[PDB]
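> My structure is stored as my_file-v8.pdb, with PDB, C-alpha atoms and all ligand atoms.
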```
ATOM      1  CA  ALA A   1     131.891 140.151 154.102
ATOM      2  CA  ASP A   2     131.976 136.367 154.447
ATOM      3  CA  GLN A   3     130.269 134.042 152.009
ATOM      4  CA  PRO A   4     129.502 130.634 153.538
ATOM      5  CA  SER A   5     129.478 127.454 151.409
ATOM      6  CA  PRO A   6     131.204 128.987 148.355
ATOM      7  CA  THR A   7     132.175 126.903 145.341
ATOM      8  CA  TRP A   8     135.708 125.473 145.794
ATOM      9  CA  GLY A   9     137.670 127.808 143.498
ATOM     10  CA  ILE A  10     136.807 131.032 145.292
ATOM     11  CA  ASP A  11     136.974 129.124 148.656
ATOM     12  CA  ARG A  12     140.651 128.368 147.865
ATOM     13  CA  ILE A  13     141.874 131.847 146.955
ATOM     14  CA  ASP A  14     141.177 133.602 150.322
ATOM     15  CA  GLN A  15     143.394 131.223 152.381
ATOM     16  CA  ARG A  16     147.051 130.039 152.351
ATOM     17  CA  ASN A  17     146.670 126.386 153.323
ATOM     18  CA  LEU A  18     144.298 123.495 152.737
ATOM     19  CA  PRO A  19     141.862 122.181 153.809
ATOM     20  CA  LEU A  20     139.131 124.416 152.330
ATOM     21  CA  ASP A  21     137.256 126.230 155.144
ATOM     22  CA  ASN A  22     133.879 126.616 153.325
ATOM     23  CA  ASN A  23     134.194 130.401 153.451
ATOM     24  CA  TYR A  24     134.948 133.151 150.932
ATOM     25  CA  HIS A  25     135.949 136.379 152.689
ATOM     26  CA  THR A  26     135.958 139.712 150.854
ATOM     27  CA  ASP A  27     137.238 143.159 151.897
ATOM     28  CA  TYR A  28     136.596 144.609 148.426
ATOM     29  CA  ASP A  29     134.224 143.711 145.620
ATOM     30  CA  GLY A  30     135.452 145.347 142.389
ATOM     31  CA  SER A  31     133.361 148.528 142.780
ATOM     32  CA  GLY A  32     134.359 151.152 140.219
ATOM     33  CA  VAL A  33     136.196 148.579 138.071
ATOM     34  CA  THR A  34     135.178 147.143 134.681
ATOM     35  CA  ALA A  35     136.047 143.613 133.609
ATOM     36  CA  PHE A  36     136.020 142.986 129.862
ATOM     37  CA  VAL A  37     135.257 139.356 129.018
ATOM     38  CA  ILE A  38     136.710 138.537 125.586
ATOM     39  CA  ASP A  39     135.004 135.246 124.861
ATOM     40  CA  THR A  40     131.806 133.668 123.469
ATOM     41  CA  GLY A  41     129.661 136.547 124.797
ATOM     42  CA  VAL A  42     127.821 136.847 128.140
ATOM     43  CA  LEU A  43     124.222 136.117 129.106
ATOM     44  CA  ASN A  44     123.697 139.645 130.508
ATOM     45  CA  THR A  45     120.344 138.754 132.097
ATOM     46  CA  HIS A  46     121.817 135.972 134.269
ATOM     47  CA  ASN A  47     120.770 136.291 137.917
ATOM     48  CA  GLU A  48     124.486 136.196 138.860
ATOM     49  CA  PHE A  49     125.118 139.675 137.451
ATOM     50  CA  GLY A  50     122.193 141.619 138.914
ATOM     51  CA  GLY A  51     122.297 144.200 136.123
ATOM     52  CA  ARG A  52     126.094 144.668 136.176
ATOM     53  CA  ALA A  53     126.622 142.875 132.837
ATOM     54  CA  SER A  54     126.213 144.562 129.483
ATOM     55  CA  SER A  55     127.355 144.104 125.880
ATOM     56  CA  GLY A  56     130.513 145.732 124.546
ATOM     57  CA  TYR A  57     130.690 144.530 120.953
ATOM     58  CA  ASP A  58     130.044 141.364 118.979
ATOM     59  CA  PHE A  59     132.796 140.658 116.405
ATOM     60  CA  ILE A  60     131.102 137.431 115.264
ATOM     61  CA  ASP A  61     127.799 139.088 114.208
ATOM     62  CA  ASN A  62     129.233 142.601 113.788
ATOM     63  CA  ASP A  63     126.843 144.422 116.119
ATOM     64  CA  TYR A  64     126.476 145.529 119.758
ATOM     65  CA  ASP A  65     124.610 142.467 121.085
ATOM     66  CA  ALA A  66     127.282 140.361 122.806
ATOM     67  CA  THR A  67     124.920 137.740 124.284
ATOM     68  CA  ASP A  68     126.275 134.189 124.740
ATOM     69  CA  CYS A  69     125.120 131.187 122.637
ATOM     70  CA  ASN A  70     127.846 128.812 123.854
ATOM     71  CA  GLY A  71     128.021 129.107 127.668
ATOM     72  CA  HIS A  72     131.811 129.499 128.006
ATOM     73  CA  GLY A  73     131.793 133.324 128.309
ATOM     74  CA  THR A  74     128.915 133.355 130.788
ATOM     75  CA  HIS A  75     130.783 130.832 132.994
ATOM     76  CA  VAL A  76     134.014 132.835 132.775
ATOM     77  CA  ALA A  77     132.127 136.068 133.531
ATOM     78  CA  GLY A  78     130.382 134.540 136.579
ATOM     79  CA  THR A  79     133.751 133.492 138.031
ATOM     80  CA  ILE A  80     134.969 137.105 137.744
ATOM     81  CA  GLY A  81     131.836 138.860 139.017
ATOM     82  CA  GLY A  82     128.867 136.634 139.853
ATOM     83  CA  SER A  83     126.968 137.244 143.134
ATOM     84  CA  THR A  84     127.362 133.571 144.142
ATOM     85  CA  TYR A  85     130.186 132.207 141.977
ATOM     86  CA  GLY A  86     132.298 135.316 141.597
ATOM     87  CA  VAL A  87     135.489 136.806 143.055
ATOM     88  CA  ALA A  88     134.510 140.493 142.678
ATOM     89  CA  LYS A  89     130.820 140.650 143.478
ATOM     90  CA  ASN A  90     130.176 144.281 142.464
ATOM     91  CA  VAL A  91     132.389 144.577 139.368
ATOM     92  CA  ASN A  92     130.980 145.838 136.062
ATOM     93  CA  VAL A  93     131.037 143.148 133.366
ATOM     94  CA  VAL A  94     131.317 143.918 129.647
ATOM     95  CA  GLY A  95     130.977 141.182 127.030
ATOM     96  CA  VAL A  96     133.297 141.334 124.014
ATOM     97  CA  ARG A  97     132.227 138.471 121.754
ATOM     98  CA  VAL A  98     135.047 137.099 119.598
ATOM     99  CA  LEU A  99     134.132 133.406 119.684
ATOM    100  CA  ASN A 100     131.133 131.846 117.940
ATOM    101  CA  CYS A 101     128.332 129.513 119.179
ATOM    102  CA  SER A 102     130.723 126.539 118.851
ATOM    103  CA  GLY A 103     133.498 128.422 120.744
ATOM    104  CA  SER A 104     135.652 129.097 117.661
ATOM    105  CA  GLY A 105     136.924 132.342 116.104
ATOM    106  CA  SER A 106     139.513 133.888 113.797
ATOM    107  CA  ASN A 107     142.772 135.587 114.841
ATOM    108  CA  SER A 108     141.483 138.767 113.143
ATOM    109  CA  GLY A 109     138.296 138.802 115.269
ATOM    110  CA  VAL A 110     140.166 138.181 118.525
ATOM    111  CA  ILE A 111     142.525 141.069 117.685
ATOM    112  CA  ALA A 112     139.488 143.242 116.863
ATOM    113  CA  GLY A 113     138.139 142.493 120.391
ATOM    114  CA  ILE A 114     141.477 143.288 122.073
ATOM    115  CA  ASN A 115     141.659 146.592 120.202
ATOM    116  CA  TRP A 116     138.028 147.314 121.082
ATOM    117  CA  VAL A 117     138.839 147.048 124.818
ATOM    118  CA  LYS A 118     141.954 149.260 124.359
ATOM    119  CA  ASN A 119     139.894 151.922 122.583
ATOM    120  CA  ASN A 120     136.796 151.768 124.799
ATOM    121  CA  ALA A 121     137.927 151.042 128.355
ATOM    122  CA  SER A 122     137.385 153.991 130.736
ATOM    123  CA  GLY A 123     138.507 153.978 134.388
ATOM    124  CA  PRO A 124     140.089 151.034 136.241
ATOM    125  CA  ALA A 125     139.812 148.094 133.823
ATOM    126  CA  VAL A 126     140.773 144.434 133.526
ATOM    127  CA  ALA A 127     140.328 142.210 130.458
ATOM    128  CA  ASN A 128     140.103 138.413 130.527
ATOM    129  CA  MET A 129     141.036 136.155 127.614
ATOM    130  CA  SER A 130     140.017 132.530 128.265
ATOM    131  CA  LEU A 131     141.083 131.477 124.760
ATOM    132  CA  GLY A 132     144.286 130.725 122.889
ATOM    133  CA  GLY A 133     145.777 129.331 119.725
ATOM    134  CA  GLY A 134     149.078 128.934 117.883
ATOM    135  CA  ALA A 135     151.831 131.503 118.488
ATOM    136  CA  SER A 136     150.981 134.838 116.821
ATOM    137  CA  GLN A 137     153.076 138.003 117.127
ATOM    138  CA  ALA A 138     150.073 139.968 115.755
ATOM    139  CA  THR A 139     147.946 138.744 118.664
ATOM    140  CA  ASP A 140     150.756 139.370 121.177
ATOM    141  CA  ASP A 141     151.260 142.923 119.852
ATOM    142  CA  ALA A 142     147.589 143.740 120.265
ATOM    143  CA  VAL A 143     147.658 142.474 123.881
ATOM    144  CA  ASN A 144     150.913 144.258 124.746
ATOM    145  CA  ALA A 145     149.583 147.500 123.200
ATOM    146  CA  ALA A 146     146.290 147.315 125.185
ATOM    147  CA  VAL A 147     148.321 146.765 128.368
ATOM    148  CA  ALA A 148     150.605 149.724 127.506
ATOM    149  CA  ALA A 149     147.334 151.694 127.193
ATOM    150  CA  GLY A 150     146.523 150.934 130.847
ATOM    151  CA  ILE A 151     144.327 147.810 130.860
ATOM    152  CA  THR A 152     145.458 144.781 132.833
ATOM    153  CA  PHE A 153     145.146 141.657 130.626
ATOM    154  CA  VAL A 154     144.734 138.210 132.169
ATOM    155  CA  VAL A 155     144.835 135.123 129.902
ATOM    156  CA  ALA A 156     144.564 131.323 130.069
ATOM    157  CA  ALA A 157     147.834 129.372 129.753
ATOM    158  CA  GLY A 158     146.063 126.698 127.663
ATOM    159  CA  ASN A 159     145.012 123.054 128.145
ATOM    160  CA  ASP A 160     147.792 121.290 126.166
ATOM    161  CA  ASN A 161     149.843 119.861 129.057
ATOM    162  CA  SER A 162     152.754 121.674 127.338
ATOM    163  CA  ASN A 163     155.002 124.718 127.605
ATOM    164  CA  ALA A 164     152.598 127.705 127.503
ATOM    165  CA  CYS A 165     155.196 129.768 125.560
ATOM    166  CA  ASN A 166     154.156 127.972 122.387
ATOM    167  CA  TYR A 167     150.742 129.707 122.316
ATOM    168  CA  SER A 168     149.187 133.178 121.959
ATOM    169  CA  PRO A 169     148.178 135.200 123.840
ATOM    170  CA  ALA A 170     149.682 132.944 126.586
ATOM    171  CA  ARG A 171     153.265 133.873 125.620
ATOM    172  CA  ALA A 172     152.576 137.612 125.253
ATOM    173  CA  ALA A 173     155.147 139.400 127.470
ATOM    174  CA  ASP A 174     152.743 141.721 129.230
ATOM    175  CA  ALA A 175     149.821 139.299 129.596
ATOM    176  CA  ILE A 176     149.270 137.790 133.049
ATOM    177  CA  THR A 177     149.272 134.095 132.073
ATOM    178  CA  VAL A 178     147.370 131.728 134.355
ATOM    179  CA  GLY A 179     147.885 127.997 134.885
ATOM    180  CA  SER A 180     145.224 125.721 136.425
ATOM    181  CA  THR A 181     145.137 123.796 139.742
ATOM    182  CA  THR A 182     142.918 121.166 141.387
ATOM    183  CA  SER A 183     141.278 121.186 144.842
ATOM    184  CA  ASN A 184     144.276 119.339 146.340
ATOM    185  CA  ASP A 185     146.703 121.999 144.986
ATOM    186  CA  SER A 186     148.062 119.826 142.132
ATOM    187  CA  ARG A 187     148.706 121.347 138.720
ATOM    188  CA  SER A 188     145.666 120.219 136.688
ATOM    189  CA  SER A 189     146.708 117.382 134.340
ATOM    190  CA  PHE A 190     145.887 119.458 131.245
ATOM    191  CA  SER A 191     147.476 122.738 132.440
ATOM    192  CA  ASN A 192     150.177 124.302 130.322
ATOM    193  CA  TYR A 193     153.214 125.278 132.368
ATOM    194  CA  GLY A 194     156.648 126.937 132.317
ATOM    195  CA  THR A 195     158.263 130.382 132.244
ATOM    196  CA  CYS A 196     155.459 132.130 130.344
ATOM    197  CA  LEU A 197     153.152 131.539 133.356
ATOM    198  CA  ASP A 198     152.750 134.275 135.970
ATOM    199  CA  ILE A 199     150.517 132.511 138.519
ATOM    200  CA  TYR A 200     148.344 129.441 139.159
ATOM    201  CA  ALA A 201     144.624 129.531 140.070
ATOM    202  CA  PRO A 202     141.776 126.978 140.563
ATOM    203  CA  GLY A 203     140.743 125.588 137.194
ATOM    204  CA  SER A 204     139.570 121.981 137.625
ATOM    205  CA  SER A 205     135.785 121.427 138.237
ATOM    206  CA  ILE A 206     134.833 125.098 138.662
ATOM    207  CA  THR A 207     131.153 125.934 139.146
ATOM    208  CA  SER A 208     129.722 129.165 137.709
ATOM    209  CA  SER A 209     126.850 130.627 135.655
ATOM    210  CA  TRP A 210     125.779 129.150 132.281
ATOM    211  CA  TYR A 211     123.838 130.501 129.300
ATOM    212  CA  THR A 212     120.847 128.102 129.135
ATOM    213  CA  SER A 213     118.693 130.115 131.633
ATOM    214  CA  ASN A 214     118.998 133.055 134.029
ATOM    215  CA  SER A 215     119.577 130.601 136.885
ATOM    216  CA  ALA A 216     121.654 127.973 135.014
ATOM    217  CA  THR A 217     125.028 126.744 136.290
ATOM    218  CA  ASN A 218     127.747 124.468 134.874
ATOM    219  CA  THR A 219     130.856 122.818 136.300
ATOM    220  CA  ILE A 220     133.748 122.626 133.839
ATOM    221  CA  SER A 221     137.547 122.446 133.814
ATOM    222  CA  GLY A 222     140.249 124.458 132.077
ATOM    223  CA  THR A 223     142.846 127.204 132.280
ATOM    224  CA  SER A 224     139.840 129.130 130.894
ATOM    225  CA  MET A 225     138.319 128.710 134.383
ATOM    226  CA  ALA A 226     141.570 129.624 136.195
ATOM    227  CA  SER A 227     142.055 132.890 134.269
ATOM    228  CA  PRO A 228     138.848 134.640 135.552
ATOM    229  CA  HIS A 229     139.765 133.920 139.203
ATOM    230  CA  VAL A 230     142.877 136.063 138.557
ATOM    231  CA  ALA A 231     140.939 138.699 136.597
ATOM    232  CA  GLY A 232     138.494 138.896 139.523
ATOM    233  CA  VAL A 233     141.346 139.450 142.010
ATOM    234  CA  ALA A 234     142.847 142.163 139.764
ATOM    235  CA  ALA A 235     139.406 143.828 140.040
ATOM    236  CA  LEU A 236     139.565 143.548 143.850
ATOM    237  CA  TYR A 237     143.003 145.189 143.882
ATOM    238  CA  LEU A 238     141.813 147.992 141.559
ATOM    239  CA  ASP A 239     138.822 148.653 143.859
ATOM    240  CA  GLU A 240     141.296 148.806 146.795
ATOM    241  CA  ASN A 241     143.700 151.035 144.838
ATOM    242  CA  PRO A 242     142.352 152.509 141.546
ATOM    243  CA  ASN A 243     145.764 154.085 140.871
ATOM    244  CA  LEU A 244     147.617 150.854 140.109
ATOM    245  CA  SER A 245     149.036 150.477 136.602
ATOM    246  CA  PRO A 246     148.892 147.025 134.956
ATOM    247  CA  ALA A 247     152.550 146.437 135.886
ATOM    248  CA  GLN A 248     151.734 147.304 139.532
ATOM    249  CA  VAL A 249     148.679 144.984 139.477
ATOM    250  CA  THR A 250     150.953 142.206 138.128
ATOM    251  CA  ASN A 251     153.519 142.815 140.880
ATOM    252  CA  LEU A 252     150.854 142.908 143.624
ATOM    253  CA  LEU A 253     149.335 139.639 142.406
ATOM    254  CA  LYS A 254     152.799 138.086 142.568
ATOM    255  CA  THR A 255     153.829 139.549 145.954
ATOM    256  CA  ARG A 256     150.478 138.646 147.594
ATOM    257  CA  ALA A 257     150.355 135.114 146.095
ATOM    258  CA  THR A 258     150.633 131.969 148.212
ATOM    259  CA  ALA A 259     154.085 130.471 147.678
ATOM    260  CA  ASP A 260     155.163 126.872 147.211
ATOM    261  CA  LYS A 261     151.765 125.092 147.294
ATOM    262  CA  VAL A 262     151.402 123.825 143.742
ATOM    263  CA  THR A 263     152.557 120.240 143.247
ATOM    264  CA  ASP A 264     153.844 119.037 139.854
ATOM    265  CA  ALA A 265     154.074 122.739 138.917
ATOM    266  CA  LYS A 266     156.858 121.962 136.334
ATOM    267  CA  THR A 267     160.308 123.466 135.736
ATOM    268  CA  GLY A 268     160.204 127.227 135.048
ATOM    269  CA  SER A 269     156.670 127.690 136.422
ATOM    270  CA  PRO A 270     156.306 130.318 139.159
ATOM    271  CA  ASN A 271     155.156 128.472 142.275
ATOM    272  CA  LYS A 272     152.569 131.098 143.122
ATOM    273  CA  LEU A 273     148.952 130.346 143.928
ATOM    274  CA  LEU A 274     146.358 133.127 143.587
ATOM    275  CA  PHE A 275     145.507 134.861 146.903
ATOM    276  CA  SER A 276     142.707 137.439 147.033
ATOM    277  CA  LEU A 277     143.395 139.323 150.289
ATOM    278  CA  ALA A 278     145.604 142.319 150.996
TER     279      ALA A 278
HETATM  280 CA    CA A 301     138.259 129.882 152.075
END
```
Reformat the file's structure so that it appears as structure tokens.


Amino acid sequence: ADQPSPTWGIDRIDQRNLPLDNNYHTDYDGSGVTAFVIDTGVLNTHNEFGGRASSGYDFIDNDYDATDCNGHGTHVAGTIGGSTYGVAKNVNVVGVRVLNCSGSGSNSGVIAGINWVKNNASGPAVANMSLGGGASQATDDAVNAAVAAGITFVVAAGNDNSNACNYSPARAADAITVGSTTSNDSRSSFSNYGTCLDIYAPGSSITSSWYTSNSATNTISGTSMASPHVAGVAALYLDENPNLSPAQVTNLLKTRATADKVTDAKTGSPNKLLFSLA
């Protein structure tokens, strides 16, 4: 399929070179794959999802209603799997709410959400974590264990304009850690960087769904916006080949990535820009 006039992020990922061609081509769509969005919740009824979004668990309220009262998780989820704004337009979306209405949460609750995905994922699965905090081996262990259990984890590098290795789950060995770029292929000014990164993806001024109505959109910036582009492409690859392990997904992302495009990428950063096609 070819989507004309896509938002810039997804426009960027299906081509090697600028300028943007105002087209988002897909050969796959994330069919048969589930993307777990560990975040502020998801507005399941948003027009973007067409029924494909449902609640996993809410660790803020302690119940099964993982609706979004912040917006962040809905935006992240639309980048992964929205009809208009999304990479993988037929993926299943499951909200795992670990962040409150103000976008905050405890290490304990985030770990609870990671474990929940590990224990509940069935079939080809990817999990996205557009969130981070101070270095935590407890958090890293939970991520690494969920990955060892067969779920590809994709996480934001963080918005500190610093070495991403200082933060969890960014530094977690088996996380795919995602830095942010702009529409001219610069590292975003806020993007964390360095050897704990695996890949770069569009993260500045990304348009996607928002929680205020079933048709609402928002345009926001962050490694939190870059992460779901990568999670969405993992879902494409797992539709294409449902037999890939997380390690094989990681390798395929890296071998398929566009090389040597990111300017000001910083010492130790992999100069790899997300590429969605096979
Ligand atoms: Ca394009």

> Once the PyMOL selection byres (((chain A and resi 51) around 12) and not hetatm) has been evaluated on this model, what residues remain selected, and can you format them as a list in words?

residues 43, 44, 45, 46, 47, 48, 49, 50, 52, 53, 54, 55, 81, 82, 83, 89, 90, 91, 92, 93, 94 and 214 of chain A

> Using only C-alpha atoms and all ligand atoms, find each residue with an atom at most 6 Å away from ligand CA 301 (chain A) and format the answer as a ChimeraX atom specification.

/A:11-12,14-15,20-24

> Counting all atoms listed in the file, which residues of stretch 97-191 of chain A sit at most 8 Å from some atom of stretch 235-255 of chain A, and what is each one's closest atom pair with its distance in Å to one decimal, listed by chain and rising residue number, as a Markdown table?


```
| residue | atom | partner | partner_atom | distance |
| --- | --- | --- | --- | --- |
| A:124 | CA | A:242 | CA | 6.0 |
| A:125 | CA | A:235 | CA | 7.6 |
| A:126 | CA | A:235 | CA | 6.7 |
| A:147 | CA | A:246 | CA | 6.6 |
| A:150 | CA | A:246 | CA | 6.1 |
| A:151 | CA | A:246 | CA | 6.2 |
| A:152 | CA | A:246 | CA | 4.6 |
| A:153 | CA | A:246 | CA | 7.8 |
| A:176 | CA | A:250 | CA | 6.9 |
```

> Take the residues just selected and output them with C-alpha atoms as a PDB file, keeping the file's coordinate frame.


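Here's the written file again.pdb:
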```pdb
ATOM      1  CA  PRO A 124     140.089 151.034 136.241  1.00  0.00           C
ATOM      2  CA  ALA A 125     139.812 148.094 133.823  1.00  0.00           C
ATOM      3  CA  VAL A 126     140.773 144.434 133.526  1.00  0.00           C
ATOM      4  CA  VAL A 147     148.321 146.765 128.368  1.00  0.00           C
ATOM      5  CA  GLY A 150     146.523 150.934 130.847  1.00  0.00           C
ATOM      6  CA  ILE A 151     144.327 147.810 130.860  1.00  0.00           C
ATOM      7  CA  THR A 152     145.458 144.781 132.833  1.00  0.00           C
ATOM      8  CA  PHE A 153     145.146 141.657 130.626  1.00  0.00           C
ATOM      9  CA  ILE A 176     149.270 137.790 133.049  1.00  0.00           C
TER      10      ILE A 176
END
```

> Selection in question (the file shown): the PyMOL selection byres (((chain A and resi 101) around 12) and not hetatm). Which residues does it include, as a ChimeraX atom specification?

/A:39-42,58,60-61,66-73,97-100,102-105,211

> Please determine, counting all atoms listed in the file, which residue among A:193, A:28, A:200, A:57 has the shortest atom-to-atom distance to residue A:9.

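That would be A:200, the residue with the smallest distance to residue A:9.
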
> What lies within 6 Å of residue A:190 using all atoms listed in the file, ignoring chain neighbours under 2 positions off, as a PyMOL selection string?

chain A and resi 159-161+188

> May I ask for the distance between atom CA of residue A:95 and atom CA of residue A:209, given in Å to one decimal place?

14.2 Å

> So the first atom is atom CA of residue A:36 and the second is atom CA of residue A:114; what is the distance between them in Å, to one decimal place?

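About the pair atom CA of residue A:36 and atom CA of residue A:114: they are 9.5 Å apart.
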
> Fewer than 3 positions away in the same chain doesn't count, so skip those; otherwise give me all residues within 8 Å of residue A:224, counting only C-alpha atoms, as a list in words.

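Residues near the query, excluding close chain neighbours: residues 76, 129, 130, 131, 155, 156, 158, 203, 221, 227 and 228 of chain A.
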
> Tell me, as an MDAnalysis selection string, which residues lie within 8 Å of residue A:7, counting all atoms listed in the file; anything in the same chain fewer than 3 positions away does not count.

chainID A and resid 10:11 85 206:207

> Please define a box with edges along x, y and z of the file around all atoms of stretch 20-32 of chain A given in the file, extend it by 6 Å on each side, and return its centre and edge lengths in Å to one decimal, as JSON.


```
{"center_x": 136.2, "center_y": 137.8, "center_z": 147.7, "size_x": 17.8, "size_y": 38.7, "size_z": 26.9}
```

> So that I can check the surroundings of residue A:266, please list as number ranges by chain every protein, DNA and RNA residue that reaches within 12 Å of it, counting only C-alpha atoms and ignoring chain neighbours fewer than 5 positions away.

A: 161-164, 179, 186-189, 191-197, 200, 271

> Restricting the calculation to all atoms listed in the file, which member of A:175, A:127, A:157, A:234 is positioned closest to residue A:144?

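So, comparing all the options, the nearest one is A:175.
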
> Since the input has fewer atoms than a full residue there, write stretch 159-177 of chain A out with N, CA, C and O atoms, as a PDB file, keeping the file's coordinate frame.


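File written: part_24.pdb
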```pdb
ATOM      1  N   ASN A 159     145.299 124.394 127.606  1.00  0.00           N
ATOM      2  CA  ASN A 159     145.012 123.054 128.145  1.00  0.00           C
ATOM      3  C   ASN A 159     145.772 121.929 127.428  1.00  0.00           C
ATOM      4  O   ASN A 159     145.231 120.833 127.258  1.00  0.00           O
ATOM      5  N   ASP A 160     147.018 122.192 127.048  1.00  0.00           N
ATOM      6  CA  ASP A 160     147.792 121.290 126.166  1.00  0.00           C
ATOM      7  C   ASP A 160     148.797 120.406 126.919  1.00  0.00           C
ATOM      8  O   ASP A 160     149.542 119.624 126.294  1.00  0.00           O
ATOM      9  N   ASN A 161     148.833 120.537 128.244  1.00  0.00           N
ATOM     10  CA  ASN A 161     149.843 119.861 129.057  1.00  0.00           C
ATOM     11  C   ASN A 161     151.259 120.067 128.452  1.00  0.00           C
ATOM     12  O   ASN A 161     152.077 119.126 128.339  1.00  0.00           O
ATOM     13  N   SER A 162     151.530 121.317 128.062  1.00  0.00           N
ATOM     14  CA  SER A 162     152.754 121.674 127.338  1.00  0.00           C
ATOM     15  C   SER A 162     153.279 123.015 127.840  1.00  0.00           C
ATOM     16  O   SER A 162     152.640 123.693 128.651  1.00  0.00           O
ATOM     17  N   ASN A 163     154.445 123.399 127.335  1.00  0.00           N
ATOM     18  CA  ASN A 163     155.002 124.718 127.605  1.00  0.00           C
ATOM     19  C   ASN A 163     154.089 125.802 127.029  1.00  0.00           C
ATOM     20  O   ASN A 163     153.905 125.895 125.804  1.00  0.00           O
ATOM     21  N   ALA A 164     153.533 126.634 127.913  1.00  0.00           N
ATOM     22  CA  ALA A 164     152.598 127.705 127.503  1.00  0.00           C
ATOM     23  C   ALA A 164     153.193 128.717 126.498  1.00  0.00           C
ATOM     24  O   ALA A 164     152.447 129.429 125.810  1.00  0.00           O
ATOM     25  N   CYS A 165     154.523 128.791 126.430  1.00  0.00           N
ATOM     26  CA  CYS A 165     155.196 129.768 125.560  1.00  0.00           C
ATOM     27  C   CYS A 165     154.960 129.507 124.088  1.00  0.00           C
ATOM     28  O   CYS A 165     155.286 130.354 123.246  1.00  0.00           O
ATOM     29  N   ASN A 166     154.418 128.338 123.773  1.00  0.00           N
ATOM     30  CA  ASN A 166     154.156 127.972 122.387  1.00  0.00           C
ATOM     31  C   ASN A 166     152.855 128.537 121.824  1.00  0.00           C
ATOM     32  O   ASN A 166     152.509 128.261 120.660  1.00  0.00           O
ATOM     33  N   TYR A 167     152.126 129.309 122.642  1.00  0.00           N
ATOM     34  CA  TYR A 167     150.742 129.707 122.316  1.00  0.00           C
ATOM     35  C   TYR A 167     150.524 131.191 122.547  1.00  0.00           C
ATOM     36  O   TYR A 167     151.189 131.781 123.396  1.00  0.00           O
ATOM     37  N   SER A 168     149.600 131.783 121.787  1.00  0.00           N
ATOM     38  CA  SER A 168     149.187 133.178 121.959  1.00  0.00           C
ATOM     39  C   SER A 168     147.694 133.255 122.307  1.00  0.00           C
ATOM     40  O   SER A 168     146.894 132.520 121.729  1.00  0.00           O
ATOM     41  N   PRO A 169     147.309 134.193 123.201  1.00  0.00           N
ATOM     42  CA  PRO A 169     148.178 135.200 123.840  1.00  0.00           C
ATOM     43  C   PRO A 169     148.965 134.757 125.081  1.00  0.00           C
ATOM     44  O   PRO A 169     149.598 135.604 125.727  1.00  0.00           O
ATOM     45  N   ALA A 170     148.942 133.464 125.408  1.00  0.00           N
ATOM     46  CA  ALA A 170     149.682 132.944 126.586  1.00  0.00           C
ATOM     47  C   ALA A 170     151.125 133.465 126.712  1.00  0.00           C
ATOM     48  O   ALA A 170     151.581 133.831 127.823  1.00  0.00           O
ATOM     49  N   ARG A 171     151.840 133.508 125.594  1.00  0.00           N
ATOM     50  CA  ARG A 171     153.265 133.873 125.620  1.00  0.00           C
ATOM     51  C   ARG A 171     153.492 135.375 125.640  1.00  0.00           C
ATOM     52  O   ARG A 171     154.635 135.831 125.871  1.00  0.00           O
ATOM     53  N   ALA A 172     152.434 136.154 125.374  1.00  0.00           N
ATOM     54  CA  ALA A 172     152.576 137.612 125.253  1.00  0.00           C
ATOM     55  C   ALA A 172     153.243 138.161 126.519  1.00  0.00           C
ATOM     56  O   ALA A 172     152.786 137.901 127.628  1.00  0.00           O
ATOM     57  N   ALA A 173     154.318 138.928 126.336  1.00  0.00           N
ATOM     58  CA  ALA A 173     155.147 139.400 127.470  1.00  0.00           C
ATOM     59  C   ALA A 173     154.358 140.057 128.592  1.00  0.00           C
ATOM     60  O   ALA A 173     154.598 139.801 129.778  1.00  0.00           O
ATOM     61  N   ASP A 174     153.420 140.919 128.225  1.00  0.00           N
ATOM     62  CA  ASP A 174     152.743 141.721 129.230  1.00  0.00           C
ATOM     63  C   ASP A 174     151.368 141.194 129.639  1.00  0.00           C
ATOM     64  O   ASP A 174     150.669 141.840 130.419  1.00  0.00           O
ATOM     65  N   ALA A 175     150.996 140.033 129.107  1.00  0.00           N
ATOM     66  CA  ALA A 175     149.821 139.299 129.596  1.00  0.00           C
ATOM     67  C   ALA A 175     150.154 138.688 130.947  1.00  0.00           C
ATOM     68  O   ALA A 175     151.313 138.312 131.193  1.00  0.00           O
ATOM     69  N   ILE A 176     149.160 138.618 131.832  1.00  0.00           N
ATOM     70  CA  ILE A 176     149.270 137.790 133.049  1.00  0.00           C
ATOM     71  C   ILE A 176     148.730 136.423 132.635  1.00  0.00           C
ATOM     72  O   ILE A 176     147.538 136.286 132.314  1.00  0.00           O
ATOM     73  N   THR A 177     149.608 135.428 132.622  1.00  0.00           N
ATOM     74  CA  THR A 177     149.272 134.095 132.073  1.00  0.00           C
ATOM     75  C   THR A 177     149.038 133.115 133.215  1.00  0.00           C
ATOM     76  O   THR A 177     149.879 132.987 134.102  1.00  0.00           O
TER      77      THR A 177
END
```
